[PDB]
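Take a look at the structure below.
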Amino acid sequence: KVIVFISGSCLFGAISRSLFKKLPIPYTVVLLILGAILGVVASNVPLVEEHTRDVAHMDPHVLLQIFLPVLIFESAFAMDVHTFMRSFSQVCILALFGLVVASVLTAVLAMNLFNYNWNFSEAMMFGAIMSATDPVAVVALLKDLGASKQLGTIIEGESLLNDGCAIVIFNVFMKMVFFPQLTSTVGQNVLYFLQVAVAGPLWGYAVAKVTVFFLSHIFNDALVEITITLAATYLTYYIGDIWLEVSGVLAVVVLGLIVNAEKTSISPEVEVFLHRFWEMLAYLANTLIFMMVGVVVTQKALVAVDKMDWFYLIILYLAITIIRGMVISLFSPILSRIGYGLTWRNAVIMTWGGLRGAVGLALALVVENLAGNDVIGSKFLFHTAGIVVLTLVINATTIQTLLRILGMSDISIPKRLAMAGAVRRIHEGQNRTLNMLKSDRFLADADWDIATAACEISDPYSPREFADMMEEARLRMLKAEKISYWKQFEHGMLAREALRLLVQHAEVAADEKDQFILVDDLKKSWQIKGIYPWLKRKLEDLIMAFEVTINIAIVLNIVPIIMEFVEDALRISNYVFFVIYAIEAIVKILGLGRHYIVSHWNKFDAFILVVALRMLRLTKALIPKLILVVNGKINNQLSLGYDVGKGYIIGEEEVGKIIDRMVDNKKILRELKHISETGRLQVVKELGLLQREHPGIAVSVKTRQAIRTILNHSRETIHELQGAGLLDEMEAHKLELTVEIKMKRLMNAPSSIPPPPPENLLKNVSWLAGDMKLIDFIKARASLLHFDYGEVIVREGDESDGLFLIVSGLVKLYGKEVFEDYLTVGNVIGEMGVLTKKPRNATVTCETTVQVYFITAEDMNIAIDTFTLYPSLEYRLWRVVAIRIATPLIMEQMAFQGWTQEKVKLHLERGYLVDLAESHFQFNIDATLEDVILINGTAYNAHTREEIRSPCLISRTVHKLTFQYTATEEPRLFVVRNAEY
Amino acid sequence: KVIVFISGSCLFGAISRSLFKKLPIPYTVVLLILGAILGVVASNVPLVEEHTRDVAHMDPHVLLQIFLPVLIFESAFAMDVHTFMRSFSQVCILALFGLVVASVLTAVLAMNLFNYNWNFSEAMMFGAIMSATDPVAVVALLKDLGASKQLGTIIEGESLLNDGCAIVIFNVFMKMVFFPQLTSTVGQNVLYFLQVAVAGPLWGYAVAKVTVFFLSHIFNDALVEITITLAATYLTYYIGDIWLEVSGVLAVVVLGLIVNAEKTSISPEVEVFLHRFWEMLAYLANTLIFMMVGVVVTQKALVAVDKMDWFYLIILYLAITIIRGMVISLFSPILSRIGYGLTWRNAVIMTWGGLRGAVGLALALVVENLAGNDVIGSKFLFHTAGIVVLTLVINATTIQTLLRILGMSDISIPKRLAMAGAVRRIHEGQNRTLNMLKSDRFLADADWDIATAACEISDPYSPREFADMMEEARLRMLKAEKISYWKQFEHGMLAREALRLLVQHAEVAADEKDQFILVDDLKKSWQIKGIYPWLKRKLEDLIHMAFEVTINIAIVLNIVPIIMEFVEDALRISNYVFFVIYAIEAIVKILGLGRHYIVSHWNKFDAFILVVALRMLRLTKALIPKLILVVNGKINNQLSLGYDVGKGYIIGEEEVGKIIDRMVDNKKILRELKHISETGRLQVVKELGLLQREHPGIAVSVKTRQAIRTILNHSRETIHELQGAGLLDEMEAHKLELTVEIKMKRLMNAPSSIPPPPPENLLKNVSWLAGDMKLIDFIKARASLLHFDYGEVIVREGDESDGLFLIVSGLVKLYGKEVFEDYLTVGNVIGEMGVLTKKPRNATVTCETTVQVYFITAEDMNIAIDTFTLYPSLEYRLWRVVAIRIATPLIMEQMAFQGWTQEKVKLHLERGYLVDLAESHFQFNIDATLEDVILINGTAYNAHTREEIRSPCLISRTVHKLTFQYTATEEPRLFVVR
Ligand SMILES: Nc1ncnc2c1ncn2[C@@H]1O[C@@H]2COP(=O)(O)O[C@H]2[C@H]1O
Ligand SMILES: Nc1ncnc2c1ncn2[C@@H]1O[C@@H]2COP(=O)(O)O[C@H]2[C@H]1O
């Protein structure tokens, strides 16, 4: 019956796809040709005639209900959603206007020239059936050799919208023509138009949001989400099919776009499985419909032969080609003026990009089968088969020729240079490892000709002098900046979108002109000036159990509206609404203790309750949702702008220190350094102004990039640990799943701005001995002094003024060999100036804006006199300065070799100070104390009578020590007991 | 009509699967419970009654033709094929015997005790319907917490074979019971049995091989192979369904097993897509059939209430449980004796491993629907629903309790120690990178509490003294050997199977007893003593070519009308065509009769068949080379694997022997451990050497197949490092890495057939640059092929010069004098300066392995020198070789040639010549045209500074003119490179 035909069709499609892969002509036309052969065999042998008659004469219902929604759903599934949304406005405008112009022009051309006794509706149906297209072949060719990304997305989106509008027009006009028993008045026609406009896509959006919310609560389960997605898609299609014969495909398209847009709630395995499954179904449908078209056209059009239609076909193709070119040629200056400009290469490649696919053949089969025994169906089928089999080869050959000639698919010089360098590096490394392997003991009598020929690799590709030198120098500088950007991305310091924005900004201004870097485009990239801030300014300035119950009651009030739009239950529903109003009155009575005297907005709700249509109650809960989503929407773009600004700054800083060695001409080097430093200084001030506008964006981006850097380095560490054999494959995978989970949780990070860190709470918590004395010191010291870049607070050798503790920022200390230290938030500086009364010994500078608290010598004396009986703050300060002095001289010792900063920090935390007054300035060293450090003073050995002074390390050989008490130098020691105690 | 029921069924299955994931009870019983609820709603409301009446009363044809083949196909698709084949024999024996014993015991128990007026066929049907089971739940539980691999495969294979034989028996009896109008004589019954035996699986094998051969010619295309595989599976099922009512499932199972077995011709993406698609279909079918069973049993069994059946159910469950235990308990000693032994833990976990699934419920629905208005269908459905809903909870709880109690799912000490060490290392690295990141300029006012809490990680888990010390020392040594094996695998020096074999050999002898390493098990691992060599020995010793291939194809075509013979004018024309083919064969034989007219032993039978005029003998002689080549490949793979694992053990022991000494400090333990390790190494090296001696191609194959792996791994690491430095972007890196993946894929199907040994004369002529007739004369005057084994020194430093030696097989190590160590491979020339400079010796060369060398004496060297005198091109080439050998090491170490590798300085100095001192009268002028000037030999006097220098030395660029003094004992020699 039908089995052998389908199996043979699949085998023929497979062999045709495998054979004609190399030729630029798409495979599908071969299928059509093969179908033609079957026709001239179906007229003689009764067996193939029986098989074809059983299969090729199916009902239109199955075609119109199955073959088209699958194809349009596939055309609306494989597209990149974000790239589509980047140009949705121009794509929609161009697609709609091209569709309407092409349809009306084809209709009037047919009526004027064909000399057929047709009506206007037949010609409009002809135009609609000649308007639809399919871009899978041209986008496949572009993927193969076009070397472009945005062009295919533009073509796919335009084709999708064109197909949707074309099938809408064809369905309405076919229903008007072939069923001449329906009223065509305006009152229901406008209702039908608005229904198809608004009711369908909103229903698809609602079901998509519902199923996404359902899938959000599913963890590490793969079958459930696949089955739920398939069932939801079929349910949407079935409700659309019950509703109309048109809006179902629109609802399916919207649902597919929304599902493809979301990525956080669906694991990638499900997405790739769904892509593969839907692609397989679409390919099968396309092959079957092509073979059916071929066999039916060969069996039918042999009795409709004339020279007039053969003359008509060529001029029809010429007319549709010229109008398709002319509409976009006329609309190009408007697009250039509005800002969505496109190059003339894009226009000339768009002119030939219209390839007819399978939608037109489907509609032709439907309109031929519904025509009965009439010549109109044969004319339709023959003309559409002729035009598709003409364009499918001619347009493909011409687009390949134009893509070759225009040279946009040309490998640039840096691409070839980088590929050659990479190939040379790989070959050198392989030669080195071969040389190492040849020296191995067990690698003897291995034929090295086979080994060398097996692993060989190769690339797939194979004042004028001053101006040329400047041009090549700036090209090399652009190359260095690009590789710096890629290095920064690979180390993890950047996000994804900022990286591609920087790369494309560098590329579009690389070889266009002499200027290479611009700042105002970056300015508009990070700042927001569109309609969103104006909408926010208008919106936010012009305007739980009880709320949930009120919302549920308002939703329940739609059921009387449903009945009204369509009894005892309805009266009971009105009584329930009155009871809900009474419950609202009871809620007001309960809130009378808070506020019930008068209200402004609630008068409308009171009037609505007096009427009892309760949709006005839900807008109070709807108000926070709009601000909640728009604040995140603007903050995401603001964070991306700050990120790309920081990336440009750090890239310029990295490339600044290498340009001097690259060139040797003085004038070029000077002018390049001048323009680079002016650009950096111009952008850094605006970045600082953006930071000063609000501080939460910087905090968010720093705390969202530190996690990325830490996770990347942990992944590198675990890969290295796997490479050393200390753990096997399964444990490594089990541990790496945790890293993947951490990254997945980081993906949906709270991009909403975290509150700024507290001032008093962090002051009390960060210091160990937080008490009421700290509060008294804060009340006696409120400076919050701010120092910007390029300022030095104190200098070495200057007289001591007091103690300074930092509350915001990072500072760098240079002291004396020499050392460099970095103090973060919560550090205390100026310590020995109040204890040992030393003027100064080191210089501290600030690399950014810092907020600090100032304590003077008088303030320090007042603080010291504030607590005297139990100076816990003073004792903690003594411990802090003691461990600060003792820390750097222990890790460098040979005894503590192989110890990190945290190891020596946590080793010495369990140590105290020695009371020299109780011990009468005499100490005995035993094995109980693990470490003894001379903090201050001069110590005299009780055995060797040797005098030593701080900074020094007491050896384990010394057992008894004596100290001399002096007012100007009081001896101090730190003792850490053994870890076994 | 049917849509809402299916949609609600899928939603209920989804919510039940999501909710009951944590509890050890499988989700499916909840579905059954939910179905029960629908029943007590279907009896009152006419709407749900209409929906249930429409969907749940489905005809048996769709169930019996759709629901069962999908389930059995899924049970025969997700299995690991190789692990199944490792124990196929014991799995088949145990499954078949357990099935037949359980079926007959259930039948006789039902007939004796149930007091129902049933026949023997009804009880056999009852046993067949109670024998089937499903492995999905138990294997899922074992994947979750069983911590085992082989047990799940054993259970799955047993369940698959049991299901296939059970459905065969059920069909062959149900076709007799409910259709009492068919003859049951032996003559057709034995034909049916042999038909199911041989016709089905062979047809599945043929279609699988045909579609694999079809898919082998498809490159980088994904849709075509998926569509072809699906169409081939349906075509196999349809031909099986037309053929018999039960052969289709067997053919589909065989086709699925063969498709899953193959891996080279199918890309992994297609395989995982097919796995996911088939699993989705099976899950949907299982959920739907469970809900159907629940609703039908609640609607039906409410009018079949008694205490007799409610008492019979418990004793039936007890009887089937005890017989299932007892059959394998009785068969365990036979398995232990035969060598396929299993531990008592495996037996006690296999006893409770029988969980009834969906096949029995499918057969119950079929038999209940075909029973009509009779009590037998209700009894069948109620009893099977009761037993499945009892076992599905009770057996799951008991198997979880037993798995906890028996302690086989316990984390060992080394696992916890390694996990803790890895966690500590990761935390230390993260702390270090956080400390580095805190000092960055642009990382200011970032709340570090959130950063620390976000990236925190943790593990999922949380003379007696002398003997204890020895035990912990040998455990630590085993851990060191295991990590050495993993390091060797990760560096790329091992294959996959040898790695897992060595790891499991280390594991099974780790904590069992005091001994740790055995050698005779490795001996039987690398050597072959099975039935394969004996069958090869008896087989291969007991037994215009294109036109012959065309004649064989025609003889194959002659078999096509034989189907008509088994089944007119066309048949007579077929006989005439066969006679014409016979005449053509006779003409071909007469043409070949000039070379050989007498018929051979097989040719006499061929002539007899031609007189008969069959092609079976021609096909057999065509497939004789096929069986020869597949036997050769099968034996060579095992030999290569054994040699690989032997080499891996040797290099692992060599690595661990250097580090074992530092680990322990007790003298006696260290001495005895070194003694046993060295005795094992010395025992295994001699056997490996003789194994390599017996046939040398295996070693050549394994070396040339592992060098490519090492080179490709290091190239991949280099490309990853280059990507990490930003010199190329993502797309170019992926495009380049595709080439590495293609190289690895081509290496996967490597020519494991043994390459021929390298030639002797051809390599001697080609490897040397100046190969000519003089080399042939030297070979005729020097044929030594001396073989030196390990531990032998050929010459020593200071001994008198004897001649020149050129190495033809092996690698040697030279120690000379600072001091230097050199490695000479095949094709090197040694002992060259001893005849040129008349020097005795200056360095000592030894051999690290067996070496085959050619010996040339001083008299032979003099004869060779006197052989070519007019144009001694061999002598000129030797002078160039010794000149470049002397000049090479002293240039790369110079500051001028800094950053130059060995190949760079080798290819830089190849465009160099010698200076003729006779033509220049021993005076040379150095200009900028010559890039490098090297004093090879002699004393050079500067013409300006009057300074005397001698080789080895480097002439600086400041020196312009030089003079040389000619001496017989020291002739000056120089080399100049442009
Ligand atoms: N080794 C050190 N590490 C960190 N900070 C130091 C070190 N030595 C001195 N300082 C700080 O530098 C300050 C310089 O002036 P003061 O002596 O007032 O107090 C000193 C300490 O706060
Ligand atoms: N630098 C070197 N590198 C490699 N081989 C050498 C080197 N120097 C000497 N030889 C070889 O060692 C041999 C020792 O004895 P002969 O002098 O007969 O010939 C010598 C050369 O073949």
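Residues are named by chain letter and number: chains run A, B, ... in the order of the structure tokens, numbers start at 1 in each chain, and ligands are numbered from 1 in the order shown.
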
When you look at residue 355 of chain B with a cut-off of 7 Å (counting only C-alpha atoms), what residues show up, excluding the ones that are within fewer than 4 positions of it in the same chain? I need them as a count of residues only.
5

Can you check which residues of segment 55-143 of chain A DSSP gives as alpha helix (DSSP H) on the backbone and send them as a VMD selection string?
chain A and resid 55 to 56 60 to 62 68 to 75 81 to 85 88 to 113 120 to 131 136 to 141

Would you mind telling me which residue in B:112, B:409, B:828, B:753 lies nearest to ligand 2 when using only C-alpha atoms and all ligand atoms?
B:828

So which residues touch residue 664 of chain A within 12 Å, counting only C-alpha atoms, skipping near sequence neighbours fewer than 6 positions away, as a list in words?
residues 469, 470, 473 and 670 of chain A

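The coordinates place atom CA of residue 25 of chain A at 28.6 Å from atom CA of residue 367 of chain A.
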
Excluding residue 954 of chain B and residues on its chain fewer than 6 positions from it, collect all residues at most 8 Å away from it, counting only C-alpha atoms, and give them as number ranges by chain.
B: 933-935

Take the residues from that selection and write them out as an mmCIF file, in the first residue's frame, keeping N, CA, C and O atoms.
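And here's result.cif as it stands now:
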data_model
loop_
_atom_site.group_PDB
_atom_site.id
_atom_site.type_symbol
_atom_site.label_atom_id
_atom_site.label_comp_id
_atom_site.auth_asym_id
_atom_site.auth_seq_id
_atom_site.Cartn_x
_atom_site.Cartn_y
_atom_site.Cartn_z
ATOM 1 N N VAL B 933 82.895 28.722 10.344
ATOM 2 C CA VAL B 933 84.175 28.067 10.103
ATOM 3 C C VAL B 933 84.528 27.279 11.356
ATOM 4 O O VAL B 933 84.590 27.848 12.452
ATOM 5 N N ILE B 934 84.757 25.977 11.197
ATOM 6 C CA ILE B 934 85.038 25.083 12.314
ATOM 7 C C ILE B 934 86.334 24.339 12.023
ATOM 8 O O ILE B 934 86.478 23.725 10.961
ATOM 9 N N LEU B 935 87.272 24.393 12.967
ATOM 10 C CA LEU B 935 88.539 23.674 12.853
ATOM 11 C C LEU B 935 88.296 22.217 13.226
ATOM 12 O O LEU B 935 88.231 21.868 14.408
#

Given 8 Å and only C-alpha atoms and all ligand atoms, residues near ligand 2 as number ranges by chain
B: 797, 801-804, 814, 816, 822, 829-835, 837-845, 882, 885-886, 888-889

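Residue nearest ligand 1 within the list A:846, A:829, A:689, A:113: A:829 [criterion: smallest interatomic distance, only C-alpha atoms and all ligand atoms].
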
Can you pull out every residue with an atom within 7 Å of ligand 1? Use only C-alpha atoms and all ligand atoms and format it as a count of residues only.
19

Residue with smallest distance to residue 193 of chain A - pool A:439, A:709, A:247, A:919, counting only C-alpha atoms:
A:247

Which polymer residues have any atom within 9 Å of an atom of residue 358 of chain B, counting only C-alpha atoms, with same-chain residues fewer than 5 positions away left out, as a tab-separated table (two decimals) with C-alpha atoms, in the first residue's frame?
chain	number	residue	atom	x	y	z
B	68	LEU	CA	6.09	-5.94	23.81
B	71	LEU	CA	10.07	-3.21	25.71
B	132	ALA	CA	9.12	-13.11	33.09
B	133	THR	CA	10.78	-10.21	34.90
B	134	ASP	CA	12.31	-6.78	34.33
B	286	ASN	CA	5.74	1.35	30.60
B	289	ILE	CA	0.66	-0.09	30.51
B	290	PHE	CA	0.93	0.33	34.30
B	363	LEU	CA	0.56	-10.98	28.66

Applying 7 Å and only C-alpha atoms, which residues near segment 115-129 of chain A remain after dropping the ones on its own chain fewer than 4 positions away? List them as a ChimeraX atom specification.
/A:103-104,106-107,110-111,166,169-170,173,360,363

In Å, how far is it from atom CA of residue 819 of chain B to atom CA of residue 791 of chain B?
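Computing the Euclidean distance for atom CA of residue 819 of chain B and atom CA of residue 791 of chain B yields 21.8 Å.
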
So that I can see what lies close to residue 85 of chain A, please list as number ranges by chain the residues with an atom at most 12 Å from it, counting only C-alpha atoms and leaving out residues fewer than 4 positions away in the same chain.
A: 79-81, 89-92, 150, 153-154, 157, 257-258, 261

Kindly export the residues of the current selection with N, CA and C atoms, as a CSV table (one decimal), in the first residue's frame.
chain,number,residue,atom,x,y,z
A,79,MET,N,16.7,28.9,14.5
A,79,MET,CA,17.3,30.2,14.5
A,79,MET,C,17.9,30.6,15.8
A,80,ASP,N,19.0,31.4,15.8
A,80,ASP,CA,19.6,32.0,17.0
A,80,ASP,C,18.7,33.2,17.4
A,81,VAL,N,18.1,33.0,18.6
A,81,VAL,CA,17.0,34.0,19.1
A,81,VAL,C,17.6,35.4,19.3
A,89,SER,N,13.2,44.5,14.4
A,89,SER,CA,12.4,45.6,13.9
A,89,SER,C,12.6,45.7,12.4
A,90,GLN,N,13.8,45.8,11.9
A,90,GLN,CA,14.0,45.9,10.5
A,90,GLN,C,13.7,44.6,9.7
A,91,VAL,N,13.8,43.5,10.4
A,91,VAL,CA,13.5,42.2,9.7
A,91,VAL,C,12.0,42.2,9.5
A,92,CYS,N,11.2,42.5,10.5
A,92,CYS,CA,9.7,42.5,10.4
A,92,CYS,C,9.2,43.5,9.4
A,150,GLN,N,25.7,36.9,10.8
A,150,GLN,CA,24.5,37.7,10.9
A,150,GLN,C,23.6,37.5,9.6
A,153,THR,N,21.1,34.6,9.8
A,153,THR,CA,20.1,34.9,10.7
A,153,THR,C,19.1,35.9,10.2
A,154,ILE,N,19.5,36.9,9.5
A,154,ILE,CA,18.6,37.9,8.8
A,154,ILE,C,17.8,37.2,7.8
A,157,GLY,N,15.1,34.9,9.6
A,157,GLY,CA,14.0,35.6,10.2
A,157,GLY,C,13.1,36.2,9.2
A,257,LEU,N,9.9,29.6,19.7
A,257,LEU,CA,10.9,30.7,19.9
A,257,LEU,C,11.1,31.0,21.4
A,258,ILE,N,10.1,31.0,22.2
A,258,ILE,CA,10.2,31.2,23.7
A,258,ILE,C,11.0,30.0,24.3
A,261,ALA,N,14.6,30.3,23.4
A,261,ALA,CA,15.2,31.5,24.0
A,261,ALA,C,15.7,31.1,25.4

Proximity to chain B - best of A:183, A:700, A:861, A:957, only C-alpha atoms
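Checking each candidate against chain B, we get A:700 as the closest.
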
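Of the listed residues A:294, A:781, A:698, A:456, the one whose atoms come nearest to residue 715 of chain B is A:456, with distances taken using only C-alpha atoms.
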
So how far away is atom CA of residue 196 of chain A from atom CA of residue 561 of chain A, in Å?
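These atoms are spaced 21.9 Å apart.
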